[PDB]
Each structure stands twice: as C-alpha cells, then as structure tokens.
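Let me begin by presenting the structure, written as structure tokens, before commenting on it.
Per chain, numbering begins at 1; letters A, B, ... match sequence-line order. Atoms within each ligand, like the ligands themselves, are counted from 1 in listed order.
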Amino acid sequence: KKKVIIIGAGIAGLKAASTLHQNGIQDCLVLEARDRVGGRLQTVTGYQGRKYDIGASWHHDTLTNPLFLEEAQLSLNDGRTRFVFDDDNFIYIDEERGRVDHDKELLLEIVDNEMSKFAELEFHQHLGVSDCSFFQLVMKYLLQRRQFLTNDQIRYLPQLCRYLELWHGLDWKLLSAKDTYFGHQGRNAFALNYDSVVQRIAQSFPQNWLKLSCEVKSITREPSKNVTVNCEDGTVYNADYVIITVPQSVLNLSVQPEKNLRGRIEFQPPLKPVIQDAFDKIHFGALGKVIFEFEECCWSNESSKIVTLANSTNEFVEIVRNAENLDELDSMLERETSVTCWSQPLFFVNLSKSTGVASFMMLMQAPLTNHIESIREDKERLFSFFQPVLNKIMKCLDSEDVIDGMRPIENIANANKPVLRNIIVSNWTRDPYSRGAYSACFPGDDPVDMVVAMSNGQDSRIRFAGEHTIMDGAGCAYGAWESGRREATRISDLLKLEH
Amino acid sequence: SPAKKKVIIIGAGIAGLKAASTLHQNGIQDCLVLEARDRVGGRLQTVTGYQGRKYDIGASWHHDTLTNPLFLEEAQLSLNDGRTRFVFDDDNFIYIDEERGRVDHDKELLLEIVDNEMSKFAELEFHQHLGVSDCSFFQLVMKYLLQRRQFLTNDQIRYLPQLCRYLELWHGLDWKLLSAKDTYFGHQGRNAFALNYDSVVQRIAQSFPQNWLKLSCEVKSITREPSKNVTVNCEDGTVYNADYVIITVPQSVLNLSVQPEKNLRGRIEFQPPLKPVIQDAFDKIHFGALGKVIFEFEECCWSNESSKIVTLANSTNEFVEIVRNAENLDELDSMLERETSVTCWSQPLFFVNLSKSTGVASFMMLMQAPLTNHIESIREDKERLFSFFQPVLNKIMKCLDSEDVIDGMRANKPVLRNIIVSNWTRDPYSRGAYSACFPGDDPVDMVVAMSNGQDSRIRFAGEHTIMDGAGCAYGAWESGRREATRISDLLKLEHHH
Ligand SMILES: Cc1cc2nc3c(=O)[nH]c(=O)nc-3n(C[C@H](O)[C@H](O)[C@H](O)COP(=O)(O)OP(=O)(O)OC[C@H]3O[C@@H](n4cnc5c(N)ncnc54)[C@H](O)[C@@H]3O)c2cc1C
Ligand SMILES: Cc1cc2nc3c(=O)[nH]c(=O)nc-3n(C[C@H](O)[C@H](O)[C@H](O)COP(=O)(O)OP(=O)(O)OC[C@H]3O[C@@H](n4cnc5c(N)ncnc54)[C@H](O)[C@@H]3O)c2cc1C
C-alpha cells in the first residue's frame, strides 16, 4: 500500500523521506525503533540547560560537504548562527613535562608531518603490501629515522601522533595503518545544534509518515512486485520500494543465528553473498564522549583544541636506539596493569573559546570507551578517574585544581577555582540500535567492498543507505545525508517514469 | 690528430660530476669532463665572507630526505664516521608584517590553518583533472578568497594572501608570473641544511681519475660525424672526438643554441642542429630567478626562537572591502586596478636565522624575480643594499627582542659587518637560478625531449632533464647517473663473444 518504506529515522532515512516528498511522491513511511529521530545525531541537555551533541558534532570537509553548504546558504540568507569554525592550534600536555606543543626544541608537529608523508609512501601503489597496525607503522618510522630524531622526539612524537585515535575511535594497536591517514578536504565547522539540522529535515515531510517505536524484525519481498516489512510488536506493512538505513553493525546481525538479538532484521531471501562477505572486511569503531560542565570559566582560552598524551618513558628511547631491527625492537619491547586517565591520549574541546560555555567536550576511544560508558552512572568514580588529567589541564591553563561540586555545597572559597557541577557520558557502545560509533578499519580491511555491495542493493526494490553505504563522506553525517538523497532520487525517477 | 675519448661530459656541475663518477665506477676509461668556469660545482658554490664564515650561495638544502638518494648517501657516511655533514633546520615560521608585527601562530588570525585550506583548495582545483585551464598563482588565491569569503574574517582576507606567497621563494617567481598548476606540491619529508654543499661536490669530484677534469675550456660546438663519432671543439681550439657526449649545460644556456649569433658566452653550435622536438620544448618551460643575500653580523644579540622568518609584503584594508564587495571573478579582477617604486615591503622575503641552526651570527635571505634581477644588478653598491633592506632588518630585530641595526661594514646592538649577494642572473654560464613554470607551461615536454636525446650519441643531463627531483640538486645528480649508466650498458656489448 506504500510507495516507499524507509527503515531508520537517522539523517540518511530522514533526508530520503524529505527528498521523496520534495519530488511529489506520496504514501511513504519511516519506521524507527527508538522513540525519537536523529539516530546517531543526538543533542542532550545538562547543567543550567546547556546543550551538547553527544553524537556527531562537526561539519567535516567544508569545501565540498553539500549538507554544510546547504546550512551555509541558509545562514547567508537569514543571518542566523548555525555553526562556528573552531579549528585551532592544538595544545599538547604530558603529565610530567606539561605543554609540548609548538616547542622550539621538540618541534613535534614537524616530525608528525614527516610521519604522515612516510605512511603515504609506504602504501603508495602496492595495494598496501601486507597492511599492519598504526602502532607497527609508527615503530617502523622511528626505527628507520632514528638517526634524524633526538631523544625527546622519539619519546613524545609517538604519543602525540595518537591523536588520530580520536578520529577513528580505535587504539593504535587495533587500527589499520592503510586507513589511518585521510584527506582533510578543508576546515571543520562545529555544528551549533545538529538537532537543528535534524528538525529542519524531519519537518520537510508529512508528520504522519513517521512511526516511532517500530522495531523492524523482518523484511521479505515475495516475487510479486511488493516488499513486506514487520515491526517487533505485530504491525505489518507492504511497499513498492524499501530503503534500509540501519547501522552496519546492526545489519551485521542479520548473518548470525538467533533472531533474538535486539535490532536484527530477518531477510527473506537472505542478503546475497556479496553483501555478507563485505562484513568480513572489519568495521565499527568506538568513539565515545564525556562532557565536563563547570560553574564558569576561570582558565585561559588560548585554544579550543587540547590533547593529553599518554605517559611515555626514557627506556623506550634507549630501546629504540639499541634495536638492531624490527624483530629485535618488537620483542625487546616486552613490558610484562590497570588503566588510568594517562593510559591513552584524550581529546578535549574547550567550548569556552569557541562557544562561550564553560564545559569540556572530551573524546575517547576503544577500549576505554566501552569501560567508561559501563560506569556512566557512577559519577564519583568518573571524577576520580579523570581528575588527574583534568588537573594538569587547569595547571597548564593558568588555573588550579578542580573542585568537586557535583553534590554542591556553596562556598565563597571557590571564587577563582574551577568547580565541576556535572558529568555527562555517551552510551553508543551499549545501545542495541547503534552498537558503537561508525565504520572503522582493523588491519586488513577494505572499506570499498561494503560501499559497492550496499550501493548495488539487495535488488531493485531493496536499497541501502547510511554512512556505510557511500564513498565520499564515508562514516560521516553528510555521507549518510547524501546516501539518503541518492536512494530517494533513484526511486523518485523510476516512479515518475511509470505514470 | 684530435684526441679520442670514450665519453666527453660538458660541464662540471653535480650532474656532470656524477656522470663521470658513474662511468669510472663501471670501469669506463679514457673519458673527459670539460668545464668553462675555473671551478667545479656549477650552481653548487660555497663562498667565504666575514671572518672566514662560509655560506652556500647556490643550493643549500637537501630536499625530500625520505627518498632523496644523494641525501641518503651523505647520511650513511655520517652514520659511519660521526662527522657533521648536515642539520635538519625545519622550524616554526615567524611571520612579520610591518605594521602589525608578528602574525604567526596567532590565536585569532589562525593564518597557518587557512593557508592549509588554501592548499587543499588548490589541490581540488587541479589534481587528476583533465582539460583544466591554468592561471597564475595570484589568480588562484583571489578565487579562493572570493569563494570562501563567507568563512574568512576581514584580517584573514587581508593577511592570508600575503602569507601564501612564501611559495614564491620556492620557485623564484612572483605570484603573478607563477603558474598555479605548478605552485603546490608535496615534499617527501623534512629538509636538511647542507653544512657545506661544497663537501658533497668534492667527494664526487674525487671519485674519478683526476686527469679527466679540464676546467677553463668553454665548448663552442658539437658535431655528429655520421659514422659513430662526435667532434667537440673547445674555444682554445682543442679538438676532440668521442663515441658519446653528455651535455649538462643549464637549460637557459642550451636555449642559445636555437638562435643566430654564436658569439654569446656558453653557446654551443650544433651540427646537425638540435632536432625540432627539442627547440620547440623551450616554449613550454622557463627559468626562474631565486636569489640570495647574506647579512653578516658581529655577534648574535637577538632571540633564537626560530631559524625561519618571513616578512610579508604590505597589505591594505581596501583590498578586503573590494573582496567583500566583488560580485564575481570578473568584477574582482577589474576592481583590482588603481593608480610607486619597489621597496623591501613590496614582496615577501625569506630569512634564515643561522644563529639558531648553525650558531653563526648571520642571516641568509632568499629573494625572487623580478626583485632578484634588480638586486643582483646592484650587488656592487653595498650602501645602496643596506638602505634598501634596513627597514625589514630593523622590523625583524624589534620582533626578536633587539634594536635597530648599526651599519658597521666600514654593546647590545646588532652590527652589520658584511653583505654578500648572489650573481646567477648575470653569470653567463647560469643565466638564472633553475627551471620553473609560467602559466601554461608543461615541463613534461622538455624532460622527454632531453631524456630522449639529440640522437644515440648526443645525450643530456641536468636539473631540467628529469621529473623526480626536477630543479633540485639530487635530480641533476640522478640524471647524470642515468646517462652514464645507459652508456655503460651499451659499451657492455663490447665484451660479448
Ligand atoms: C560519538 C560519535 C561522534 C560522531 N561525530 C561525528 C562528527 O563530528 N561528524 C560527522 O560527520 N559524523 C560524526 N559521527 C558519525 C555520524 O553520527 C553518522 O555517520 C551518521 O549519524 C549516520 O547516519 P545514519 O542515518 O546512517 O544512521 P543513524 O544511527 O546514524 O541510524 C539509522 C537509524 O536506524 C534505526 N534502527 C536501527 N535498528 C533498527 C531496527 N531494527 N528497526 C528500525 N529502526 C532501526 C536507529 O535507531 C537509527 O535512528 C559520530 C558518531 C559518533 C557515535
Ligand atoms: C640561488 C639558488 C638556490 C638553490 N637552492 C637549492 C636548494 O636549496 N636545494 C636543491 O636541491 N637545489 C637548489 N638549487 C638548484 C641546484 O643548485 C641545481 O638544480 C643543480 O645545481 C643543477 O645542476 P647541474 O649539474 O644540472 O648544472 P650546473 O650549473 O647547475 O651547471 C652545469 C655546468 O655547465 C657548465 N657550462 C655551461 N656552459 C658551458 C659550456 N659552453 N662549456 C663548458 N661548460 C659549460 C657550467 O659552468 C656548470 O658548471 C638552487 C639554485 C639556485 C640558483
């Protein structure tokens, strides 16, 4: 009875439905499992009503990002602020040494740039001759260029370069080296409300099209020119075309046994082998977020980008200087516990400079993400965990130790002391409808496979959309947005041509 | 009577020297290296100044150290004997504007950040694309500004265009003369400042029979005897006959060959004349004029925060309003036209603070065309030079926590003891710095014509005859190795049964 049934109300599904309406097609649905739209785009509220995108926050590749350009046109026409360019010079902090950024002797940023060029030459034309982990690649660089690196450069550079872990959401021993470096097509623009983007799109079509709390449990299309979809409860539907936009990791459940898994869809017939094979090419990263809200800013706003480096040792240097080769370096590196805020790099966005708000938006990676999100309810433990890194930042920013006021006790003796009032944590890895952040590469993965399979679709009536179904903007909000327009337009042309 | 030689190499620059080095390495005997000047090295020349201080007035850096083959050789040497042959002197750039002072790493201007976006803008503009017309670098920057105006602050629109111009000192061409297609490009790793490029020249020169080198002989003509013999005449009248010749004269000097008048210094008369494919290539490639000036001071009495300093050319707010009001590329290109001499603030200038990198109290400054030609044309008037650069020198000292300079060519103040200038645009054996592109230029042409040769016996080498390392010391180096190796392969058959 329906022209098109869109599964999932994330940006992919919403743009699609928005596009269909825009082209005059009627009688369409949008089945969302959650009781809200937005998918991995969620803006939450905390202390004093401040808002934060606990999901996607930035407009990437602003030079060609069509979604951004659309947002730009709007703002150009009405003068309203919808975003801010918050790129800035990064401040790097080592627990013991303090700041190490833009240093007249360490010059870490410069060797970091040679490092990147190194990775490029390494996989250039050879189909990534036996890929390895980002970690293995950095060690190869160090061994090969030690003659031209000082002791401190060999010590801090590898800890600094790991900021890239916050781009992929994966530890450097788990990340594929071939996909580590990417093409930054322009500056980034912090969205001053991705929810505003969600609402504008969400409203571009008939409200009655949306069906929240509809967990699709099975999709089938008996050869008769019709596709039949069923949600968990019991309601059934049928349409001419269907666009599946669930995340990759959820759609990956369709291959295993036990339709018991929350989110998993039952395809009949089963998704063709070219699709199932794609999942063997790894995927799914775990970018997480922790928001630190203070009463007010009493620290320096020199920069909005701050990164704390995991501890490092001088013995590491000695080992590098002495390794005869890659193997000797590998084993020689045998340090045979307990994770702390200094066991991995952490990315903090100082929102005071870019947005005025006195809070820090922090990014974390797997395996830390899963752990921190597991104890998201225990605010006390959370504060104790991050307190040491939160204190080093304040010291490096002309302030002092943080005071714990999550259980407030108004005291005049806090005038110029930073007072923490609330802590917010993401939960993507524990949410059955997301099970992580976005597609990422493990050593040996090939992202293109899935793009082709997804884009080709199960068949003429079963199409796919989402951040894991396109090449440009892969794993990005604008990527999913465009993929949603892709399928809608394809189906939109076909319908017009019939009648 | 004219002496017989297996191979004759014309020119003793690095290309010619590495050619000889390779030939000897492969057991080839009875060769010859003929050089017009009274020294070896060509565009690799280290001079002496105040108190015996040394400076490379030609090439001074090893570029692309991740893959640069000449650099790797020198590094293996230092790794074995522990002698200092080079120093990685890359640093954070200090940018200075005459009115505003330092504008680098500025928390509000963020010039370096949008400069990077510019690079990507340029990259998306050309790279991989077919049928894209070229333009000047200047024009490319104007387009960027117009298209991204909505996301740039007034001060970013004023100063970014002036900072982008540090690239002029990489090509030796003013932004309006420089082809945008050839402006940007990746560098394979950090640069390494040679602590005597002349030490590299000597090592290669000493790696082959010393009786092969014949300095002070300017070659006037090359003739191919249709019988496997090439006749070469020196100006002093000596005549030679060789099986092969490797011609490494600068591209600007070889260009004289395709013109009437054989009395110009360095010109070679070719019989038969250079094939049509070669002459014609001279239209699709040009020559830039990177130039230098060494300012020697008594002692360092200034901040050593960085070894890299760049003074931007003056800018105006009227430029901003025009960019803001422009309605399109045409209006902007038009609006940009008003109603006046050249000073040290009319173009960007690059200064290398040697005190930090080498501990020597001097500045090595790079200049570009057209300024280069004008400054070299007065290198003799030292007072005129000091007056011309005094304002930028003062501004730099102020920014490095010091005071105005004191003319001391005749306590805590900087005293200029000497000024040294380059002479490449005037030296008839150079006629400029190195190969460069003007909008519409296609360097691939010359490389192909040169690497293909005049014929089987008449070959070419030099910085203008190869892609990888084009314009660089290691490109000329490799090109020499290439022609020598080819000749060795051919002479190999001489021992087949
Ligand atoms: C912490 C974090 C930070 C990020 N930051 C950025 C950033 O700064 N910039 C950027 O560009 N991208 C960012 N991303 C990625 C971006 O959020 C995603 O690419 C994008 O939201 C994916 O859109 P989508 O429409 O495909 O799916 P949305 O999740 O992304 O999901 C599709 C919809 O399917 C629904 N669904 C799932 N299972 C079922 C079922 N069985 N039945 C019915 N409905 C179902 C879901 O509930 C969901 O609403 C970030 C992601 C994370 C996790
Ligand atoms: C100011 C300046 C700065 C530079 N800086 C760098 C740098 O930092 N890094 C880098 O890699 N490169 C740099 N270069 C470029 C580098 O110096 C050249 O690429 C390289 O030296 C060219 O070598 P060549 O052997 O081809 O020619 P050499 O000049 O370059 O010339 C070949 C030889 O031919 C001789 N000759 C000419 N005509 C005749 C004739 N008729 N008879 C006999 N002999 C003749 C000449 O006298 C000369 O010795 C710079 C160049 C200049 C001008």
Check your understanding: Which one holds for B:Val40 and ligand 2: side chain close, backbone close, both close, or neither close, with close meaning a heavy atom under 4.0 Å?
Key -> neither
Review point. Is ligand 2 under 4.0 Å from a heavy atom in the side chain of B:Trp61, in the backbone, in both, or in neither?
Key: both
Revision key, fill the gap. One finds that the ligand 2 atoms under 4.0 Å from a non-hydrogen atom of B:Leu290 are 1 (C), 3 (C)
**Study point:** N/O separation below 3.5 Å, A:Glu215 to ligand 1
**Key:** no
Review point. When only distance counts, is B:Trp424 in polar contact with ligand 2, meaning an N/O pair under 3.5 Å?
Key: no
**Study point:** Contact check: A:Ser57 vs ligand 1, nitrogen or oxygen atoms, below 3.5 angstrom
**Key:** yes
Exercise for review: Output the list of atoms in ligand 1 that are nearer than 4.0 Å to some heavy atom of A:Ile11, sorted by atom number.
Suggested key: 23 (O), 25 (O)
Exercise for review: Tell me which part of B:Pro250 gets within contact of ligand 2: side chain, backbone, both or neither, using heavy atoms under 4.0 Å.
Suggested key: side chain
Point to revise | ligand 1-proximal atoms of A:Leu14, by part, heavy-atom distance under 4.0 Å | key: neither
Review point. Does at least one non-hydrogen atom of B:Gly58 fall below 4.0 angstrom from an atom of ligand 2?
Key: yes
Point to revise | Heavy-atom nearest option to atom 33 (C) of ligand 1, drawn from A:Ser213, A:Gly8, A:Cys214 | key: A:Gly8
Practice item. Just need the protein heavy atom nearest to atom 35 (C) of ligand 2, so name the residue and atom and give the distance. Key: B:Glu35 OE1, 3.2 Å
Check your understanding: Do B:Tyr197 and B:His62 have their ring centres less than 6.0 Å from each other?
Key -> yes
Review point. What is the closest protein heavy atom to atom 32 (C) of ligand 2, and at what distance does it sit?
Key: B:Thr248 O, 3.3 Å
**Study point:** Closest protein heavy atom to atom 44 (N) of ligand 2, given as residue, atom name and distance to 0.1 Å
**Key:** B:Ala36 N, 3.2 Å
Review point. So which bit of A:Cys476 gets within less than 4.0 Å of ligand 1, heavy atoms only: side chain, backbone, both or neither?
Key: both
**Study point:** Polar contact flag for B:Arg43 and ligand 2 (N/O pairs, less than 3.5 Å)
**Key:** yes
Exercise for review: Answer yes or no: does an N/O atom from B:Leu44 fall short of 3.5 Å to an N/O atom of ligand 2?
Suggested key: no
Exercise for review: Provide the number and element of each atom of ligand 2 under 4.0 Å from a heavy atom of B:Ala15.
Suggested key: 25 (O), 26 (O)
Exercise for review: Please determine if A:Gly466 has a nitrogen or oxygen closer than 3.5 Å to a nitrogen or oxygen of ligand 1.
Suggested key: no
Point to revise | Residue, atom name and distance, where the atom is the protein heavy atom closest to atom 13 (C) of ligand 2 | key: B:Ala59 CB, 3.4 Å
Check your understanding: Based purely on interatomic distance, does A:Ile265 place a nitrogen or oxygen under 3.5 Å from a nitrogen or oxygen of ligand 1?
Key -> no
Practice item. Just let me know how A:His60 lines up against ligand 1, side chain, backbone, both or neither, with a heavy-atom cut-off below 4.0 Å. Key: side chain
Check your understanding: Does any N or O atom in A:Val246 lie less than 3.5 angstrom from one in ligand 1, N or O only?
Key -> no
Check your understanding: Taking N or O atoms only and a 3.5 Å limit, does B:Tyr434 qualify as a polar contact for ligand 2?
Key -> no
**Study point:** atom 10 (C) of ligand 2 - nearest protein heavy atom and its distance
**Key:** B:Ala473 N, 3.5 Å
Check your understanding: Can you check whether B:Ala476 has an N/O within less than 3.5 Å of an N/O in ligand 2?
Key -> no
Check your understanding: In the protein, which heavy atom is nearest to atom 41 (N) of ligand 2, and how far is it?
Key -> B:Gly266 O, 2.8 Å
